[PDB]
Amino acid sequence: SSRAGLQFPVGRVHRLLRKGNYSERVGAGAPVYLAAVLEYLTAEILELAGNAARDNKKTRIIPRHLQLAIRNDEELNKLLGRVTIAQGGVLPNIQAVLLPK
Amino acid sequence: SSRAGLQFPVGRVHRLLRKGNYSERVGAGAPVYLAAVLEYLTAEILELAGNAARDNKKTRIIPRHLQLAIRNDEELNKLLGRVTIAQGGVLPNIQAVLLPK
Amino acid sequence: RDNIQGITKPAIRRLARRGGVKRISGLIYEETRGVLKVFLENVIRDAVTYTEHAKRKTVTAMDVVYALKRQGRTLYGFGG
Amino acid sequence: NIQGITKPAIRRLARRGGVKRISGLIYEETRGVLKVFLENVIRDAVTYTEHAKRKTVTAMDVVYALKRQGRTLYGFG
Amino acid sequence: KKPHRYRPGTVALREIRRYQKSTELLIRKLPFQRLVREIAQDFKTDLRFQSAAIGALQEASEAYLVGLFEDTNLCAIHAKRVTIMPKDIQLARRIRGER
Amino acid sequence: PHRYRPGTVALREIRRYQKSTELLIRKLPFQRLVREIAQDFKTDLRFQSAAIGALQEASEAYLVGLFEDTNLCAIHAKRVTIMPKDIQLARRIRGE
Amino acid sequence: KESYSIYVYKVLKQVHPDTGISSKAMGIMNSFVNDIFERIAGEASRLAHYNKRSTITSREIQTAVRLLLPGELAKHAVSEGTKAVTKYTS
Amino acid sequence: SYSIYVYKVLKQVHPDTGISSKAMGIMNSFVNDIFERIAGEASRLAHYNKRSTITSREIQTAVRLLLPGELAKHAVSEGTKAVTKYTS
DNA sequence: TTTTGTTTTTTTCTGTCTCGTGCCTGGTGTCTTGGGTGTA
DNA sequence: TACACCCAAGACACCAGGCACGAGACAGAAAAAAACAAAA
């Protein structure tokens, strides 16, 4: 992790890939790549959640912040389409035909 | 195959389960069970297809026969719900609202 | 016995208001309860199968997570 | 090349699905959707074509790209 | 003086906004737990359940019901109607692939 | 001379195209569109006949399913003719 | 290139001695067999990984069949698998 | 678990923002799901090419197939940078 | 009351179906030893 | 968690029908006339 400049563990990812019964041999660049991708995804999600929390005057990330960060982003909603977030709720979307005319 | 009374190969299934990156070790009854399940499913599907072909006056099985045999059965359609059959078509179902009178 | 009536009318009304439903009819609650019972049965069958495969008598959260993932309802926050 | 799918072709495709009457703003619209479908499949297959160090999109790549989205296709294995 | 009375449509949208802003569990805990235990008893008798498993089941059921209600409202609005009907739920469950 | 009523030929074509399982999309325009779309992703790409046939079959099946959902949505709205709003609602419910 | 065309033809002759099968139908049956094989193998591997088990036996395949196949199909497949295991062990 | 790593990533992207236990569990579940998906896609890609070794190319292909568009491009760039920094 | 979809009855070639048949590849006995369950 | 136990993985040696290459033929789509109930 220190040689690749990543916060996610490289040895743990390598051990998980070796014990997960995915392939006979595992290279040295695949765990680094997977850890980097996971770290980038986590960083994007956490930044969006922190922005949503700052928009609500909150200092702690709650599942509602994660839901608002995932649903507002198009790519994050496409990647997590069939993903359900517990205690996250939904978006405050009201149809125009239901408003008082 | 001859000892278990099945026409599907047991050694081939065992080799595919060993080299399929599923587990470190494969038991002795697992390939037999999987071959028996595959043989039962194939026998049911082929019997339904032969019945559909006899209902169509043909001594051969065409993709249309397979589609008419799978889509008609409830459990077979539930198992292959997200399965697209090439050159099979759809069921001749017309809604009652589109019918005259 | 007859626990399907636990999901009373106000619960279904709140669940509809969360989804953006303005007006609710009368025959909506029965169909909602039936669909909820069907979904609960479909999930609990796989959960009990996963629990019996582990030779256990207590349905843990991991079994429910696996049953929901094998169906198509990936749920987070219950893997710890 | 989106105009290749003629309007009577979409009419036949709708008749296969049990559609009695078809409007005028359907075909073109459906055409776009069709493009989206290709834009959700071919590219994925192209990725497979970029994984085997090949330049020809085989049927196995198309089958894998269709299975990876839940649209399992038979008769091309 | 006649007491205050809101016209049909105001409190409905108010409750919509209130339940869309908050993410609390709308289904009660004890009836849902009893229903889950009764359903699990039909498959295997004498079954124990943890709090996390029941909470995950309740969250998944609530999310699925919210999605189904969204689809039902969409189908009802598509049919030039405001009140939801079981036909909309049937159409939503048929298009989604459940039936 | 004879003249069919607006509704008989439609049902006849429905029955004819539901009984037969032939491809309803032409080969050359579909292949040209597939090549033009694949060119935007990677240049100098080749395609096999089996791959093009599989793509055509998958596209035809997806279009048939979408048209079935569209007809269902149109019938649910007390209508016979299909509209782009029906296709939009179907694609929104399906999650596309 | 290996395929289960011979075994599918044998099963067809067993269930229908006077009925053939086309090439496209044979390919569709091969794809169906491959898909069922892959699904059951993945489910068994997941069941083995969830229990920290590195061996896949008949119990894992039975659980995978009961989880994938619905109702009567699952029951008949489980019965056939148990019968085949009993015949092979004896 | 991935608790300390997620906390460090959050402190890197937001020095003045905390995280609850439920949010931490949700993040861990998301990380595990992405890990499983990418591992399965890489195993499938290796089995389709008659290969018994998963390298960085398989992970890159899995990321390009799973993640859509800009997310996939940025993840591929980050993975390539990490690989080039680790190999040097 | 008259025109048009739907169903029955001749051959005739027509894409296909099982028989005839050679090479070999995967279809069977036999020694060793041992590690995954059986039962406790 | 412990003691026991027995058929498979591996390997040697021996052996038999699939499968594609042709062929005579086999039930059937078509070509075409002729005929009854229901629809317009």
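Note that chain B carries Swiss-Prot numbering, so the residues on display, from first to last, are 19-119.
In case you wondered, yes, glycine gets a Cβ from its N, Cα and C as well.
Here's what Swiss-Prot has on this protein:
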type    : residues : note
MOD_RES : B:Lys37  : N6-(2-hydroxyisobutyryl)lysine
MOD_RES : B:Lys37  : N6-crotonyllysine
MOD_RES : B:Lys37  : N6-(beta-hydroxybutyryl)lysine
MOD_RES : B:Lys75  : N6-(2-hydroxyisobutyryl)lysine
MOD_RES : B:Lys76  : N6-(2-hydroxyisobutyryl)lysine
MOD_RES : B:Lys96  : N6-succinyllysine
MOD_RES : B:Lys96  : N6-glutaryllysine
MOD_RES : B:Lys96  : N6-(2-hydroxyisobutyryl)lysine
MOD_RES : B:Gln105 : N5-methylglutamine
MOD_RES : B:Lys119 : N6-glutaryllysine
MOD_RES : B:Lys119 : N6-(beta-hydroxybutyryl)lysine
MOD_RES : B:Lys119 : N6-crotonyllysine
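Sequence features annotated in Swiss-Prot and their locations in the structure.
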residue	record	Cβ neighbours (10 Å)
B:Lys37	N6-(2-hydroxyisobutyryl)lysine	12
B:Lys75	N6-(2-hydroxyisobutyryl)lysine	6
B:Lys76	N6-(2-hydroxyisobutyryl)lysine	16
B:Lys96	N6-succinyllysine	12
B:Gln105	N5-methylglutamine	21
B:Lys119	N6-glutaryllysine	2
B:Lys37, B:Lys76, B:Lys96, B:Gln105: the modified residues whose Cβ falls under 8 Å from a chain D Cβ: B:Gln105
Secondary structure at B:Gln105 (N5-methylglutamine), reduced by DSSP to three states: coil
In three-state DSSP terms, the structure that B:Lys76 (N6-(2-hydroxyisobutyryl)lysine) belongs to: coil
Closest of B:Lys75, B:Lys76, B:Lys96 to B:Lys37 (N6-(2-hydroxyisobutyryl)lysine), Cα positions, modified residues only: B:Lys96
Pairwise Cα distance for the residue listed as 'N6-succinyllysine'/B:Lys76 (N6-(2-hydroxyisobutyryl)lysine) [Å, integer]: 27
Modified residues in contact range of chain F, given that the Cβ distance is under 8 Å, out of B:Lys37, B:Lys75, B:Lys76, B:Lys96, B:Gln105, B:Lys119: B:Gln105
